[PDB]
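Novice: need a 3D model of the sequence below.
(7 chains, ligands or ions: 1)
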Amino acid sequence: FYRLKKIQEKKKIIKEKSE
Amino acid sequence: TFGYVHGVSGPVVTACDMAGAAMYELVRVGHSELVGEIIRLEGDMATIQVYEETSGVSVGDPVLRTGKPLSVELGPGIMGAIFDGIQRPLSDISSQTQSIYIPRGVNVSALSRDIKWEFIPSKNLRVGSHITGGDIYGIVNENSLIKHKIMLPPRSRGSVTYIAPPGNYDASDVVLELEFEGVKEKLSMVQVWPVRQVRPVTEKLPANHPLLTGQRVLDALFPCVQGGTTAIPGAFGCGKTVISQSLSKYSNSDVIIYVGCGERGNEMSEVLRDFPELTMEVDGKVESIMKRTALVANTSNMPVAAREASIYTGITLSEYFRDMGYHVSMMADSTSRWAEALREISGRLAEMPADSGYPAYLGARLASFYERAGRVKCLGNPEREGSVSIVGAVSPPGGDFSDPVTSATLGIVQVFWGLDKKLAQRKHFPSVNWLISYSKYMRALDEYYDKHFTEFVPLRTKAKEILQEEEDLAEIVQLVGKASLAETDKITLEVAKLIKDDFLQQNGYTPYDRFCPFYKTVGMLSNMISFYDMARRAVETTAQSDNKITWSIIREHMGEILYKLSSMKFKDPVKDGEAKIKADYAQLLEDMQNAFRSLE
Amino acid sequence: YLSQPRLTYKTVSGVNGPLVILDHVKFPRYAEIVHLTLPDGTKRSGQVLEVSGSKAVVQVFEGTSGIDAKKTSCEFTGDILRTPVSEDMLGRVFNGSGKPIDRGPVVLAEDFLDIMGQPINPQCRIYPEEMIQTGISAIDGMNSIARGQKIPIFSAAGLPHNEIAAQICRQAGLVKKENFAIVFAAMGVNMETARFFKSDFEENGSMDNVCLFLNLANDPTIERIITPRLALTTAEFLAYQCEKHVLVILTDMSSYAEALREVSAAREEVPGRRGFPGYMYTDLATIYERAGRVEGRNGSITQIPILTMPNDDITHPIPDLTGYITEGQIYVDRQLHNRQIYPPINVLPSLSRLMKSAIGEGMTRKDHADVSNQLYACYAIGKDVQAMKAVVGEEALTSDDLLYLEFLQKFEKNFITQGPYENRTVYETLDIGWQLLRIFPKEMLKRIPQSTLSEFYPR
Amino acid sequence: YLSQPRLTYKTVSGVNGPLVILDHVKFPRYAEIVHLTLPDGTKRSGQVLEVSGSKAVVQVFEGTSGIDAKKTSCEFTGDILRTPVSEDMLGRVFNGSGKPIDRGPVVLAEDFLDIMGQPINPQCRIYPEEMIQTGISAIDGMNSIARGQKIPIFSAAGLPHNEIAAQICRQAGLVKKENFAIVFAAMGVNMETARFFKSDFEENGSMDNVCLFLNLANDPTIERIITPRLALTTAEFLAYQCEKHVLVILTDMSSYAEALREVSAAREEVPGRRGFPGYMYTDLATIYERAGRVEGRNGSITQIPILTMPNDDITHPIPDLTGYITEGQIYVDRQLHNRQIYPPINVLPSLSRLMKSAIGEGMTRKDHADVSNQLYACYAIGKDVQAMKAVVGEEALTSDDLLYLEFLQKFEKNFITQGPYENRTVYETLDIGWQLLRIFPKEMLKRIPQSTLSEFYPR
Amino acid sequence: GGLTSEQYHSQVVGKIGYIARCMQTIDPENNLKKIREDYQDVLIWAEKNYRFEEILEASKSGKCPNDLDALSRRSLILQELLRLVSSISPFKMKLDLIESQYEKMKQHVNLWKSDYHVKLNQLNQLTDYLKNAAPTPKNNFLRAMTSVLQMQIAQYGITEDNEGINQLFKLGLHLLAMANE
Amino acid sequence: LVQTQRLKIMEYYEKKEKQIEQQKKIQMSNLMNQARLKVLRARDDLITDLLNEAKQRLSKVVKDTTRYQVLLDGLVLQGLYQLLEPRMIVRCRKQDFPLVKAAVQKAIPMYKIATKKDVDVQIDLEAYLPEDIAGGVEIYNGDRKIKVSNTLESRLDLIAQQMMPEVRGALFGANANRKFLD
Amino acid sequence: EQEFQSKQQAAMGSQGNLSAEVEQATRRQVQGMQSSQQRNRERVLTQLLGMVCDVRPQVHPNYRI
Ligand SMILES: Nc1ncnc2c1ncn2[C@@H]1O[C@H](COP(=O)(O)OP(=O)(O)O)[C@@H](O)[C@H]1O
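Specialist: Residues are numbered from 1 along each chain as shown, chains lettered A, B, ... in the order given. The structure is reproduced below:
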């Protein structure tokens, strides 16, 4: 769960970076 | 020149304007100049694991860029000193500040520059003599125990242009000037070495000599060697710190570096209180063991990021004294705390974790740290031989040895002194679990045992056989009881109980069992194994006869002898001489023989 | 002193869980304290957990419920959290945040001390060696405490850890045959526990020398993260500046650990075992390691954290890390309590790391160590004999097993069992230990050297 | 050949663990090789892990310590990693990156071969049916190896897997009814292990036919990502081009998997089990599946990886995914090692999937398959009987159960147990197997056809 | 020898220089002709004055002996010989016996395992203690015994199993270890 | 007495004989390893002598201005094509500055024609290349964070390391044991 | 003892003989290598220098206007 939550947070940050 | 603090998430700071800052470079963050090390570098911003508490650090604070890696000053003045994680002399801090705390950002020198050391140059060296890294170009009479050899820094070489005459020189005075390719290098007694770079050696010779601890179970069943790597996993209260301190007090290592990486501070205070009183005899003169012990203390509540530095500093100091020809022993008080510090810094960096949150590079870090231990043929011109025996205690959370730190450690360390919580609760100290523990140096040490203690290897083998047989019989008895046990099985059980209670366990806080010389460690085992042999012989050879000798007959007839075997441990190596102890053990053997003959 | 006017920000960018987030902060300071005036005038407090550029993540102590984005006004104190400390704090009751709840005035500070304190220079730290006579046989006899020791009480929900701690308070004194100031912090303790401790300190004439920090069950959860530190800070002031001997009692460190877990989960920090933060060891060490004596100062701080083991699991992260940090533990046992043995202290899983030096010749008596070790060995063997008897029955026990069972019975009846107000001296405890050990013949006492047995056994 | 000048970028945009992310790269090439000149002149090498427009996430083999932005010069070689290969690579010692560490010259390339290897058409891959007489009865007797097979050695920390590997290396040979050239890839082996293997090869006179790749524990941990491929590439060159019967030893696939996990976590990829990359199966397969024979060629590549199972867990992702690829596994047991047996090969969980076609009449002997099957059956039944005995006691065991226990004892004492320098021909191993099977009556050997019982049992 | 090439060749140059210095110290008179010829390939770079850089270039190019294992073995042989001579300094050894000791040391497979090394370590314990020891009765007795031992070793040499030398070693070491009170 | 003493003496003698045999085997292995490495090092030294001769030949060729001008034009244009930047700088040897100027003059129009991209190329008259270098140029982009080193010292190395298989096959003959080249 | 001394003498003599033999073999191999390289020095050098001098400037294939 911690790894998946961390991956989700990183994906959100990357999406913001692309936007 | 200056970066600027940008953010602070705990021990991890971020800093803008650090375009050319190298990875693992050392910077000073904040106005108090808290030391820190760059660990990642994105764009023109760096991120710094600060070795001091970052509370009160504000965005925009200067971050000075010192174009050097985390390094230690190596030279006279280390022995007998207690440093912190980043090698600041805590005694000098206390004297300078006159306060019971460690000020944040205090910048006192690692080695005092005021003391005048007695320096005698190497006689052969002259102007125009080719000298290279690791060459001993002088000896500094640091104290009665340690002749601090003064060696060229590794990666330094050239022709000598000036070698100082013998006399009193301080750590800042130039002692040796040399030149290479025209460029001239001046050298005082102190050399700065990056802590994360392994100090080179000509060769890493195989480990071939025991690291005689004071403990019977460690010396006999699970030997360690000078230059080996050891681990001591165990729950809280099992006794790994006490094993480390007993090895620090009574062992054949010319130097001992205690690293206290992330453990109690009262333990470091206890070390400082005890060691000055403890003494060892050199040339018939008693000299304190603190004259050869160096402490690198970073207690549990001191900055987390410093713990890693502590370990590294520790090993570097050990390596420095290995290159002189001394058999250093580095006690890593708890590598679990170092792993936890790595995990915290990783969490602040939002790195992807490995098992149980630890970083993906924990195993690599532990392996690289343990690989610095082997016995070596030191660098430099004078042929020498040093060692760094790394004894690294592990603290598995919940006493579970599946811990990632413990599992990674057992894949590196060659000796495994696993401690049992149940044995500790029974006060069966040292709590070493004789079943799971192992030492991969026994085959490399039989060469030495057969020539110094020729009678010991078979005794060790028989003792381990007895313990394994007792384990099997106990597994059976727990469910079936002792009613159906064969008589020889009863003898195995009872001699195994004798070995456990009266040979393996050793009260380390008594005048007689604090240190158990190897002549004792082998004499006691010889007597117990002889009793086992005689009891088994009697029982087996009288099984067919009508006068069946059993365990009960032996116990009733040999109560006094059994009590003497149990009390063999109480012999005092110092109050009672070695000759007296050996004679008393021989007399007990004679009593055993006579009693068995009178019984059969 | 800070003379510049402090900035008040209405620029609350976002809120999430217990973390307010402020933007356009001018040079935020990490760990800085912030005062939040909510829309309805409710004044809360928070601590800057992180700074980044012009952003500051403020951890509100009272919780973020009711926080507005456009109307909440956060004024930055310009300094880290600092407790106002004075010797008058002895004999006062404060809430978990240090604000008085006894209808007295605020603390007229003698000094403003950093709540987090500082680690004591190990070279200047003195090793505790003055034994405290808690009066409890199970503690003095086999887990003796030293003045300046971190020795928590491991217990479970419903067990008499409060009673044992109160007894230690009311009959703790040096073995010199002076009062102990007490600093009592409570985290998430029901009203009954707080009333019990307060009424026990009042019944005895000690309330003059007791300072209480109370954070009951209904009080803010995050505030429990500062309730210990405040208390310890006070103790430090009373110990290392006023030269008092301060017994610090932190009640329900399980509640403090769970509050820390809540904050870490809000911050999504790397978890350790069972969801607790990966740094819970470091934080519990920051709490516990504020104990012991110090060179050149005649004061001391003795810590006795009381922590509830979840599900009576001594391997749970809270008790496990506490044992890793502290210098021992007093293990309150449910099996003994259900049998109505008080104090239900199971000496076998208990430990005192400074007992080895607080006992011997000089301090207490010279048979203390041997008697304690032999009692431990015989008790463990008696428990083993009980376990084997559960399987093989009475008739299969040898005479030695019967000796060990008799020792176990008389040990749990005469040594462990003790009146709630009975103050046994260390010598009485050792005499009881010897009268129990005399069950066995000398030859069965293999821990005690013959020199000690010959002198002490016959009597 | 590539004649165009290489492009050197001082444009490093970030450093993160082993990764160096560059920007403004002209047409990045995936898997391209980069040469990083550090500010102080230290030259390192890396491989482009991914490309995105003008970016390139290089992965440095020697580690990123000392690298800085604005000064590190990354020169892009314009090609994938093509290692030099020559026949004179036999009798050489190279580090994990292929550079000499025996004080010899750099490899004078006979050819430049891609380390990733050239996939082999399954239509023209010969099925290996030639048995390897390793001389270890626990492998020859029951888990026989066929020349061209992939069969790891599953073990744990402290077990003698290195000794077993050395024994196989110095005793490997065909069954008598062409000597092996050894290629060694050490990944994370301490100095003791590398010195042991090197001394074993020198002492046994095989060093002229041994090529060592050493990546010790102190060496960089991203280098061991290429250390096996390099080794295998050389093996392929020696096997499919020089016509040499190669034997490839890979010391610690656990350390290689840890390096993979390190790179994956640095890349922040979606993790697999235990944090290992989701693609560990494919990365491990690209290494294991390079064994075997091919049509037209005369050489072969026998592959014997060695794994250190964490916590002795054969379900751990590394051993699990290694079992899915390699054809069997040799399983070193901790219990047998503790009981001082050598080799500590537990024949119950270990198997060789190409044993059935390698044994039998003409290859070794008629009774090989039946003898092995019956030994395995008797061993399993004996283990079950031992488990039952541990609970109910020996007095409740029937005569046949005692026979099974006797077989188990004599099987671990005579068949599995073996001197480190003793190579038992397959026929001696089968004779020992028959001597152990003769403990039981013919009526209890259910898995041996009567046609063979009548021929081999009565002797 | 996992040393970097630069470090390895600097160490080679240092070993050559150390062999030259050891030869000069043991036999400044060049009387030990046999040993000097045995070490000609390494002593040529010191008899003919070369700069450190020239010798380093020669070592890199292969002209100098650039095998650290062989150089270390030879340097250890000469170091042990010089240690024997210095610990025997007042009682000069005969050239023939010096050559015999050198030949025995050369023959030995591993000198750090040699009984010669252990005997020299014992003699050095005695001599190092006596270097600074004040004239107390123990120190005078140890000085006398050490002088007699040095004379005997000069007459015979440490390669032999001379019972007299062994017994003198035992008694002198026991006196040294015995308490000063 | 004879039996036991004899047994011990044979044990001692046989163990010493086994040690001597092991030492002989180790000495043999070390001797053969040293011989192999010495031959390999001789081969490497011969190849390095060949490379040094090639360096000398290039240093001779650069002096022939008629040939060096064409070579320099090729090198400069190749660097420009490798970079494909809007603004580039050319580092050249100080004495080669006229030739590099002519090369850039020739290359700019051809570069524009071939890449359809306008370009500004400036010869770095401040920081020239070391004068010991055999020749060639070095083309940097506008900010100098990207460079292409078209020096002869670099081009010779680039080609020779790729050609090493052919040099090995030619100078020291091919390999008989290599049956398959695929 | 005497048998051991004879064995040691034989081992020393054989070691010296074979060390001389391998030194001679190494010298022969090096001389053969030199003789083989002298024949193809000029051809390989000419090919290498011709490849160096033939620049052939070219754009990356992926470049698109
Ligand atoms: N050799 C020993 N002799 C006597 N007591 C010991 C010994 N080893 C450990 N102990 C006991 O174990 C307790 C725990 O010691 P320590 O090792 O400091 O704990 P930890 O396991 O946390 O390091 C101590 O209080 C000490 O009394």
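
Novice: what does chain G put close to chain F?
Specialist: G:3-4, G:7-8, G:11, G:15, G:18-19, G:22-23, G:25-26, G:29-30, G:33-34, G:36-37, G:40-41, G:43-45, G:47-49, G:51-53, G:55-60, G:63, G:65 (C-beta under 8 Å from any C-beta of the partner chain). In this view, the C-beta of every residue, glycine as well, is placed from N, C-alpha and C.

Novice: among the residues you listed, name the buried ones.
Specialist: By neighbour count, with 16 or more other C-beta atoms under 10 Å in any protein chain shown, the residues of chain G next to chain F hold G:22, G:26, G:29-30, G:33, G:37, G:40, G:44-45, G:48-49, G:51-53, G:55, G:57 as buried.

Novice: residue B:426: neighbour count?
Specialist: Residues near residue B:426, counting by other C-beta atoms under 10 Å in any protein chain shown, number 20.

Novice: so how far is residue C:348 from it?
Specialist: Distance of residue B:426 to residue C:348, computed by C-beta to C-beta, to the nearest Å: 8 Å.

Novice: same question for residue C:427.
Specialist: Remark: distance between residue C:427 and residue C:348 (C-beta to C-beta) = 24 Å.

Novice: how about chain C: which residue is closest to the ligand?
Specialist: residue C:353 (4.0 Å; C-beta to the nearest ligand atom).

Novice: so residue F:99 touches residue F:66, yeah?
Specialist: No: between residue F:99 and residue F:66 there is no contact under C-beta atoms under 8 Å: 10.5 Å.

Novice: okay, the two: which has more neighbours?
Specialist: Shown here are residue F:99 and residue F:66; by other C-beta under 10 Å, residue F:99 has more neighbours (22 against 6).

Novice: which helix or which strand is home to the residue nearest the centre of chain E?
Specialist: For chain E, the residue nearest the mean C-alpha position is residue E:80 (2.4 Å; C-alpha atoms, centre = their mean). Using DSSP states H and E, residue E:80 sits in helix E:68-87.

Novice: tell me the phi and psi of the one residue in chain E that gets nearest to chain G?
Specialist: Nearest to chain G in chain E, going by C-beta to the nearest C-beta, is residue E:107, at a distance of 9.5 Å. In terms of degrees, to the nearest 10, the main-chain angles of residue E:107 are phi -60, psi -40.

Novice: swap in residue B:186?
Specialist: phi -110, psi 140.

Novice: list the buried residues in stretch C:76-94.
Specialist: Of all the residues in stretch C:76-94, those buried under the rule 16+ other C-beta under 10 Å are C:76-77, C:79-86, C:89-94.

Novice: what does stretch B:433-440 give?
Specialist: Within stretch B:433-440, the residues scored as buried using 16+ other C-beta under 10 Å are B:433-434, B:436-440.

Novice: just stretch C:67-74 next, same as before
Specialist: By neighbour count with 16+ other C-beta under 10 Å, stretch C:67-74 contains the buried residues C:67, C:72-74.

Novice: okay, now residue B:122: neighbour count?
Specialist: 20.

Novice: returning to that earlier point: contacting residues for the residue nearest to the residue of chain C closest to the ligand when sequence neighbours are not counted?
Specialist: Among residues not flanking residue C:353 along the chain, residue C:327 sits closest, at 4.1 Å (C-beta to C-beta, 6 or more residues apart in numbering or on different chains). Contact analysis of residue C:327 by C-beta atoms under 8 Å, 6 or more residues apart in numbering or on different chains lists B:264, B:266, C:149-151, C:352-354.
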